[PDB]
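Trainee: If it helps, the file is called work.cif and holds mmCIF, C-alpha atoms (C1' of nucleotides):
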```cif
data_upload
#
loop_
_atom_site.label_atom_id
_atom_site.label_comp_id
_atom_site.auth_asym_id
_atom_site.auth_seq_id
_atom_site.Cartn_x
_atom_site.Cartn_y
_atom_site.Cartn_z
CA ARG A 65 92.73 90.39 95.13
CA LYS A 66 93.77 93.15 97.56
CA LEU A 67 91.99 92.66 100.85
CA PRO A 68 89.33 95.15 102.01
CA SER A 69 90.14 97.62 104.78
CA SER A 70 87.97 98.21 107.83
CA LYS A 71 86.18 101.38 108.85
CA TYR A 72 86.97 100.45 112.46
CA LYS A 73 90.10 100.79 114.56
CA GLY A 74 92.20 97.73 115.33
CA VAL A 75 90.48 95.61 112.64
CA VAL A 76 92.36 94.04 109.72
CA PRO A 77 91.21 91.80 106.83
CA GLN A 78 91.86 88.08 107.05
CA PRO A 79 92.47 86.54 103.55
CA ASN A 80 89.30 84.35 103.71
CA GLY A 81 86.85 87.28 104.08
CA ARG A 82 87.07 87.07 107.85
CA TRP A 83 88.47 89.77 110.13
CA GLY A 84 91.21 90.02 112.73
CA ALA A 85 91.64 92.32 115.74
CA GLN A 86 94.79 93.83 117.24
CA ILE A 87 95.73 96.32 119.96
CA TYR A 88 99.15 97.98 120.16
CA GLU A 89 100.93 98.19 123.52
CA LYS A 90 104.32 99.93 123.47
CA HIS A 91 106.09 98.47 120.43
CA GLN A 92 104.13 95.19 120.43
CA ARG A 93 100.99 94.17 118.56
CA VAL A 94 98.63 92.12 120.73
CA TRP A 95 96.43 89.88 118.59
CA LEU A 96 92.83 89.74 119.79
CA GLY A 97 91.56 86.98 117.49
CA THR A 98 89.76 86.35 114.22
CA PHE A 99 86.04 86.70 113.64
CA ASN A 100 83.47 86.16 110.91
CA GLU A 101 81.92 89.63 111.29
CA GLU A 102 83.76 92.95 111.02
CA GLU A 103 81.58 94.42 113.78
CA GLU A 104 82.65 91.62 116.12
CA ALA A 105 86.34 92.39 115.61
CA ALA A 106 85.50 96.04 116.31
CA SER A 107 83.73 95.18 119.58
CA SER A 108 86.66 92.99 120.67
CA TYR A 109 89.01 95.92 120.06
CA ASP A 110 86.76 98.19 122.12
CA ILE A 111 86.84 95.81 125.10
CA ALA A 112 90.61 95.46 124.85
CA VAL A 113 91.22 99.21 124.69
CA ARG A 114 88.94 99.90 127.65
CA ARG A 115 90.96 97.37 129.67
CA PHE A 116 94.39 98.54 128.42
CA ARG A 117 93.78 102.31 128.38
CA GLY A 118 90.82 103.10 130.66
CA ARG A 119 87.29 104.45 130.58
CA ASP A 120 88.10 107.63 128.61
CA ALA A 121 89.67 105.90 125.60
CA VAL A 122 88.50 106.08 121.99
CA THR A 123 86.33 103.16 120.88
CA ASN A 124 84.62 102.04 117.69
CA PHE A 125 81.18 101.78 119.34
CA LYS A 126 81.43 102.87 122.99
CA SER A 127 80.31 105.97 124.78
CA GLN A 128 83.29 107.48 126.67
CA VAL A 129 80.66 108.79 129.14
CA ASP A 130 80.28 105.75 131.43
CA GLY A 131 83.04 105.91 134.03
CA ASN A 132 82.00 103.29 136.62
CA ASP A 133 79.81 100.34 135.51
CA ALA A 134 79.76 96.54 135.69
CA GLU A 135 81.98 96.38 132.63
CA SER A 136 84.65 98.45 134.40
CA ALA A 137 84.26 96.12 137.38
CA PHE A 138 84.69 92.96 135.30
CA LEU A 139 87.64 94.40 133.35
CA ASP A 140 89.42 95.65 136.48
CA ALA A 141 88.89 92.30 138.25
CA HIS A 142 90.90 90.55 135.51
CA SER A 143 94.43 90.73 134.15
CA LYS A 144 95.13 92.11 130.69
CA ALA A 145 96.13 88.59 129.62
CA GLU A 146 92.82 87.13 130.80
CA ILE A 147 90.77 89.68 128.82
CA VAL A 148 92.89 89.07 125.72
CA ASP A 149 92.36 85.31 126.11
CA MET A 150 88.61 85.80 126.56
CA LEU A 151 88.43 87.80 123.34
CA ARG A 152 90.57 85.32 121.39
CA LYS A 153 88.44 82.43 122.69
CA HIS A 154 85.08 84.22 122.09
CA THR A 155 84.16 83.72 125.75
CA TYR A 156 83.96 87.31 127.04
CA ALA A 157 80.16 87.61 127.08
CA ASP A 158 79.73 84.26 128.85
CA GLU A 159 82.32 85.11 131.51
CA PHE A 160 80.70 88.51 132.11
CA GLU A 161 77.29 86.85 132.51
CA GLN A 162 78.52 84.28 135.01
CA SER A 163 80.41 87.05 136.82
CA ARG A 164 77.39 89.25 137.40
CA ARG A 165 75.37 86.17 138.45
CA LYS A 166 76.80 87.38 141.82
"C1'" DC B 1 95.73 69.55 105.33
"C1'" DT B 2 93.65 74.80 106.77
"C1'" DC B 3 94.36 79.43 107.79
"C1'" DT B 4 95.87 82.11 111.79
"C1'" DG B 5 98.66 85.63 113.35
"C1'" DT B 6 103.70 86.65 113.24
"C1'" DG B 7 107.46 88.97 110.72
"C1'" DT B 8 108.33 93.03 108.60
"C1'" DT B 9 108.02 97.42 106.75
"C1'" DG B 10 106.71 102.11 106.24
"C1'" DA B 11 103.36 106.00 106.74
"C1'" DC B 12 102.12 109.10 110.70
"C1'" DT C 1 101.37 103.94 117.35
"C1'" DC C 2 99.07 102.12 113.48
"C1'" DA C 3 97.82 98.98 109.19
"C1'" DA C 4 99.33 96.29 104.59
"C1'" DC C 5 101.08 92.42 102.94
"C1'" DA C 6 103.53 87.79 102.56
"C1'" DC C 7 103.75 83.31 104.14
"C1'" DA C 8 106.18 80.49 108.37
"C1'" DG C 9 104.42 77.58 111.04
"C1'" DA C 10 100.59 76.81 114.56
"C1'" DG C 11 96.52 73.89 115.03
#
```
Can you turn what I pasted into structure tokens?

Mentor:
Amino acid sequence: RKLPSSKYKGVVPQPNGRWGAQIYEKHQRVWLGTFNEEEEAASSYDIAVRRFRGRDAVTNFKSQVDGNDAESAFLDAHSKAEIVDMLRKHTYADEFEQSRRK
DNA sequence: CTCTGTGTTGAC
DNA sequence: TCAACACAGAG
């Protein structure tokens, strides 16, 4: 009945078998949403930590070796709140697509 | 009604 | 900074 833990950083079990994501900023936990797939929570955490802590931060799936790309552009052109809301609303990929329609 | 995500606590 | 766990209260 104890919930399963995640290999990945910032990912927690949700009681229904789903997964939640969270980033810590100072003393405060910032919820990043809930997700059906553990990998999806992990990816959301990666996006959030690149926006909160920069291109050289430790990710679940990301390189650390790409300093200046379109993702850094899209993240820098948006507030922290807007990225968190995109992740919680599952709209990040769509917004990034329409952004680089430029 | 369902079930997120906040409150809280304790390791590190 | 971080997650584990219970369950207030958001939707």

Trainee: Define the interface residues of chain A facing chain C as those within 12 Å, counting all atoms listed in the file, and report them as a JSON list (two decimals) with C-alpha atoms, in the frame of the given file.

Mentor:
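Listing of iface-v7.json after writing:
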```json
[["chain", "number", "residue", "atom", "x", "y", "z"],
["A", 65, "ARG", "CA", 92.73, 90.39, 95.13],
["A", 66, "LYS", "CA", 93.77, 93.15, 97.56],
["A", 67, "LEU", "CA", 91.99, 92.66, 100.85],
["A", 68, "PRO", "CA", 89.33, 95.15, 102.01],
["A", 69, "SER", "CA", 90.14, 97.62, 104.78],
["A", 70, "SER", "CA", 87.97, 98.21, 107.83],
["A", 71, "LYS", "CA", 86.18, 101.38, 108.85],
["A", 72, "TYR", "CA", 86.97, 100.45, 112.46],
["A", 73, "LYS", "CA", 90.10, 100.79, 114.56],
["A", 74, "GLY", "CA", 92.20, 97.73, 115.33],
["A", 75, "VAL", "CA", 90.48, 95.61, 112.64],
["A", 76, "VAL", "CA", 92.36, 94.04, 109.72],
["A", 77, "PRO", "CA", 91.21, 91.80, 106.83],
["A", 78, "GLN", "CA", 91.86, 88.08, 107.05],
["A", 79, "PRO", "CA", 92.47, 86.54, 103.55],
["A", 84, "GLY", "CA", 91.21, 90.02, 112.73],
["A", 85, "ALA", "CA", 91.64, 92.32, 115.74],
["A", 86, "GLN", "CA", 94.79, 93.83, 117.24],
["A", 87, "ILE", "CA", 95.73, 96.32, 119.96],
["A", 88, "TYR", "CA", 99.15, 97.98, 120.16],
["A", 89, "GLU", "CA", 100.93, 98.19, 123.52],
["A", 90, "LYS", "CA", 104.32, 99.93, 123.47],
["A", 91, "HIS", "CA", 106.09, 98.47, 120.43],
["A", 92, "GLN", "CA", 104.13, 95.19, 120.43],
["A", 93, "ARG", "CA", 100.99, 94.17, 118.56]]
```

Trainee: Kindly give the distance, in Å, that separates CA of residue 123 (chain A) and CA of residue 82 (chain A), rounded to a single decimal.

Mentor: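 A separation of 20.7 Å between them.
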
Trainee: What is the distance between CA of residue 138 (chain A) and CA of residue 163 (chain A), in Å to one decimal?

Mentor: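 Atom-to-atom, CA of residue 138 (chain A) and CA of residue 163 (chain A) are spaced 7.5 Å apart.
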
Trainee: Enter the distance from CA of residue 152 (chain A) to CA of residue 140 (chain A), in Å, rounded to one decimal.

Mentor: 18.3 Å

Trainee: Report as a Markdown table the residues of chain B within 9 Å of chain A, each with its shortest atom pair and distance in Å (one decimal), using only C-alpha atoms (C1' of nucleotides), ordered by chain and increasing residue number.

Mentor:
```
| residue | atom | partner | partner_atom | distance |
| --- | --- | --- | --- | --- |
| B:3 | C1' | A:80 | CA | 8.2 |
| B:4 | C1' | A:98 | CA | 7.8 |
| B:5 | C1' | A:95 | CA | 7.1 |
```

Trainee: For residue 165 (chain A), which residue among A:143, A:134, A:101, A:108 is the nearest when counting all atoms listed in the file?

Mentor: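 The shortest atom-to-atom distance to residue 165 (chain A) comes from A:134.
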
Trainee: Box in all listed atoms of region 3-6 of chain B, axis-aligned, with 3 Å more on each side; write out centre and edge lengths in Å to one decimal as AutoDock Vina command-line options.

Mentor:
```
--center_x 99.0 --center_y 83.0 --center_z 110.6 --size_x 15.3 --size_y 13.2 --size_z 11.6
```

Trainee: I want to know what sits within 12 Å of residue 164 (chain A), based on only C-alpha atoms (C1' of nucleotides), with residues of the same chain fewer than 5 positions away left out; could you give that as a list in words?

Mentor: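 The contact residues come out as residues 133, 134, 135, 137, 138, 141, 157, 158 and 159 of chain A.
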
Trainee: So which one's closest to residue 128 (chain A), A:105, A:145, A:166, A:110? Using all atoms listed in the file, please.

Mentor: A:110

Trainee: What lies within 10 Å of residue 136 (chain A) using all atoms listed in the file, ignoring chain neighbours under 6 positions off, as number ranges by chain?

Mentor: A: 111, 114-115, 118-119, 130

Trainee: Store the residues of this selection in a file with C-alpha atoms, as an mmCIF file, in the coordinates of the input.

Mentor:
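As a result, selection.cif now contains:
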```
data_model
loop_
_atom_site.group_PDB
_atom_site.id
_atom_site.type_symbol
_atom_site.label_atom_id
_atom_site.label_comp_id
_atom_site.auth_asym_id
_atom_site.auth_seq_id
_atom_site.Cartn_x
_atom_site.Cartn_y
_atom_site.Cartn_z
ATOM 1 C CA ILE A 111 86.840 95.810 125.100
ATOM 2 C CA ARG A 114 88.940 99.900 127.650
ATOM 3 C CA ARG A 115 90.960 97.370 129.670
ATOM 4 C CA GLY A 118 90.820 103.100 130.660
ATOM 5 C CA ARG A 119 87.290 104.450 130.580
ATOM 6 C CA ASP A 130 80.280 105.750 131.430
#
```

Trainee: List the spatial neighbours of residue 129 (chain A) as an MDAnalysis selection string - criterion: any atom at most 8 Å away, all atoms listed in the file, same-chain residues fewer than 2 positions off excluded.

Mentor: chainID A and resid 120 127 131

Trainee: Supply region 82-114 of chain A as a PDB file, in the coordinates of the input, with N, CA and C atoms built in where the input has gaps.

Mentor:
```
ATOM      1  N   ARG A  82      87.267  86.843 106.426  1.00  0.00           N
ATOM      2  CA  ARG A  82      87.070  87.070 107.850  1.00  0.00           C
ATOM      3  C   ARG A  82      87.934  88.249 108.301  1.00  0.00           C
ATOM      4  N   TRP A  83      87.876  88.554 109.595  1.00  0.00           N
ATOM      5  CA  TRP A  83      88.470  89.770 110.130  1.00  0.00           C
ATOM      6  C   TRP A  83      89.287  89.458 111.378  1.00  0.00           C
ATOM      7  N   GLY A  84      90.396  90.171 111.541  1.00  0.00           N
ATOM      8  CA  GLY A  84      91.210  90.020 112.730  1.00  0.00           C
ATOM      9  C   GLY A  84      91.258  91.290 113.557  1.00  0.00           C
ATOM     10  N   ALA A  85      91.587  91.170 114.846  1.00  0.00           N
ATOM     11  CA  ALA A  85      91.640  92.320 115.740  1.00  0.00           C
ATOM     12  C   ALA A  85      93.003  92.389 116.421  1.00  0.00           C
ATOM     13  N   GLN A  86      93.466  93.613 116.679  1.00  0.00           N
ATOM     14  CA  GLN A  86      94.790  93.830 117.240  1.00  0.00           C
ATOM     15  C   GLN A  86      94.819  95.142 118.010  1.00  0.00           C
ATOM     16  N   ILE A  87      95.453  95.120 119.182  1.00  0.00           N
ATOM     17  CA  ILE A  87      95.730  96.320 119.960  1.00  0.00           C
ATOM     18  C   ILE A  87      97.244  96.463 120.092  1.00  0.00           C
ATOM     19  N   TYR A  88      97.728  97.699 120.051  1.00  0.00           N
ATOM     20  CA  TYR A  88      99.150  97.980 120.160  1.00  0.00           C
ATOM     21  C   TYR A  88      99.469  98.462 121.566  1.00  0.00           C
ATOM     22  N   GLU A  89     100.489  97.864 122.173  1.00  0.00           N
ATOM     23  CA  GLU A  89     100.930  98.190 123.520  1.00  0.00           C
ATOM     24  C   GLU A  89     102.444  98.341 123.480  1.00  0.00           C
ATOM     25  N   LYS A  90     102.922  99.568 123.689  1.00  0.00           N
ATOM     26  CA  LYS A  90     104.320  99.930 123.470  1.00  0.00           C
ATOM     27  C   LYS A  90     104.687  99.663 122.011  1.00  0.00           C
ATOM     28  N   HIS A  91     105.681  98.810 121.781  1.00  0.00           N
ATOM     29  CA  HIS A  91     106.090  98.470 120.430  1.00  0.00           C
ATOM     30  C   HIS A  91     105.448  97.184 119.914  1.00  0.00           C
ATOM     31  N   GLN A  92     104.569  96.557 120.690  1.00  0.00           N
ATOM     32  CA  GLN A  92     104.130  95.190 120.430  1.00  0.00           C
ATOM     33  C   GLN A  92     102.659  95.142 120.049  1.00  0.00           C
ATOM     34  N   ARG A  93     102.364  94.443 118.958  1.00  0.00           N
ATOM     35  CA  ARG A  93     100.990  94.170 118.560  1.00  0.00           C
ATOM     36  C   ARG A  93     100.454  92.995 119.363  1.00  0.00           C
ATOM     37  N   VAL A  94      99.295  93.179 119.985  1.00  0.00           N
ATOM     38  CA  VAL A  94      98.630  92.120 120.730  1.00  0.00           C
ATOM     39  C   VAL A  94      97.443  91.651 119.901  1.00  0.00           C
ATOM     40  N   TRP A  95      97.529  90.431 119.375  1.00  0.00           N
ATOM     41  CA  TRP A  95      96.430  89.880 118.590  1.00  0.00           C
ATOM     42  C   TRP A  95      95.246  89.586 119.493  1.00  0.00           C
ATOM     43  N   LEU A  96      94.052  89.922 119.016  1.00  0.00           N
ATOM     44  CA  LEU A  96      92.830  89.740 119.790  1.00  0.00           C
ATOM     45  C   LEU A  96      91.916  88.680 119.198  1.00  0.00           C
ATOM     46  N   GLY A  97      92.284  88.088 118.070  1.00  0.00           N
ATOM     47  CA  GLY A  97      91.560  86.980 117.490  1.00  0.00           C
ATOM     48  C   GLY A  97      91.114  87.250 116.066  1.00  0.00           C
ATOM     49  N   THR A  98      90.429  86.251 115.510  1.00  0.00           N
ATOM     50  CA  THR A  98      89.760  86.350 114.220  1.00  0.00           C
ATOM     51  C   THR A  98      88.275  86.042 114.406  1.00  0.00           C
ATOM     52  N   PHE A  99      87.478  86.579 113.486  1.00  0.00           N
ATOM     53  CA  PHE A  99      86.040  86.700 113.640  1.00  0.00           C
ATOM     54  C   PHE A  99      85.401  86.697 112.262  1.00  0.00           C
ATOM     55  N   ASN A 100      84.180  86.160 112.182  1.00  0.00           N
ATOM     56  CA  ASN A 100      83.470  86.160 110.910  1.00  0.00           C
ATOM     57  C   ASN A 100      82.954  87.546 110.540  1.00  0.00           C
ATOM     58  N   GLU A 101      82.559  88.343 111.528  1.00  0.00           N
ATOM     59  CA  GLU A 101      81.920  89.630 111.290  1.00  0.00           C
ATOM     60  C   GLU A 101      82.869  90.768 111.656  1.00  0.00           C
ATOM     61  N   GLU A 102      82.928  91.774 110.781  1.00  0.00           N
ATOM     62  CA  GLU A 102      83.760  92.950 111.020  1.00  0.00           C
ATOM     63  C   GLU A 102      83.372  93.649 112.324  1.00  0.00           C
ATOM     64  N   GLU A 103      82.063  93.782 112.565  1.00  0.00           N
ATOM     65  CA  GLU A 103      81.580  94.420 113.780  1.00  0.00           C
ATOM     66  C   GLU A 103      82.070  93.701 115.033  1.00  0.00           C
ATOM     67  N   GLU A 104      82.204  92.374 114.957  1.00  0.00           N
ATOM     68  CA  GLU A 104      82.650  91.620 116.120  1.00  0.00           C
ATOM     69  C   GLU A 104      84.119  91.900 116.430  1.00  0.00           C
ATOM     70  N   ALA A 105      84.967  91.963 115.401  1.00  0.00           N
ATOM     71  CA  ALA A 105      86.340  92.390 115.610  1.00  0.00           C
ATOM     72  C   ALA A 105      86.390  93.785 116.235  1.00  0.00           C
ATOM     73  N   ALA A 106      85.525  94.685 115.759  1.00  0.00           N
ATOM     74  CA  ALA A 106      85.500  96.040 116.310  1.00  0.00           C
ATOM     75  C   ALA A 106      85.160  96.033 117.797  1.00  0.00           C
ATOM     76  N   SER A 107      84.131  95.268 118.175  1.00  0.00           N
ATOM     77  CA  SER A 107      83.730  95.180 119.580  1.00  0.00           C
ATOM     78  C   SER A 107      84.848  94.597 120.442  1.00  0.00           C
ATOM     79  N   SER A 108      85.527  93.560 119.943  1.00  0.00           N
ATOM     80  CA  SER A 108      86.660  92.990 120.670  1.00  0.00           C
ATOM     81  C   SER A 108      87.729  94.045 120.915  1.00  0.00           C
ATOM     82  N   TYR A 109      88.032  94.844 119.886  1.00  0.00           N
ATOM     83  CA  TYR A 109      89.010  95.920 120.060  1.00  0.00           C
ATOM     84  C   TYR A 109      88.561  96.902 121.127  1.00  0.00           C
ATOM     85  N   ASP A 110      87.272  97.252 121.122  1.00  0.00           N
ATOM     86  CA  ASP A 110      86.760  98.190 122.120  1.00  0.00           C
ATOM     87  C   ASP A 110      86.976  97.661 123.538  1.00  0.00           C
ATOM     88  N   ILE A 111      86.622  96.396 123.780  1.00  0.00           N
ATOM     89  CA  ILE A 111      86.840  95.810 125.100  1.00  0.00           C
ATOM     90  C   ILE A 111      88.310  95.880 125.485  1.00  0.00           C
ATOM     91  N   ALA A 112      89.185  95.490 124.552  1.00  0.00           N
ATOM     92  CA  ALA A 112      90.610  95.460 124.850  1.00  0.00           C
ATOM     93  C   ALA A 112      91.140  96.845 125.189  1.00  0.00           C
ATOM     94  N   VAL A 113      90.673  97.874 124.475  1.00  0.00           N
ATOM     95  CA  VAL A 113      91.220  99.210 124.690  1.00  0.00           C
ATOM     96  C   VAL A 113      90.659  99.832 125.963  1.00  0.00           C
ATOM     97  N   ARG A 114      89.430  99.461 126.350  1.00  0.00           N
ATOM     98  CA  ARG A 114      88.940  99.900 127.650  1.00  0.00           C
ATOM     99  C   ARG A 114      89.740  99.257 128.780  1.00  0.00           C
TER     100      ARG A 114
END
```
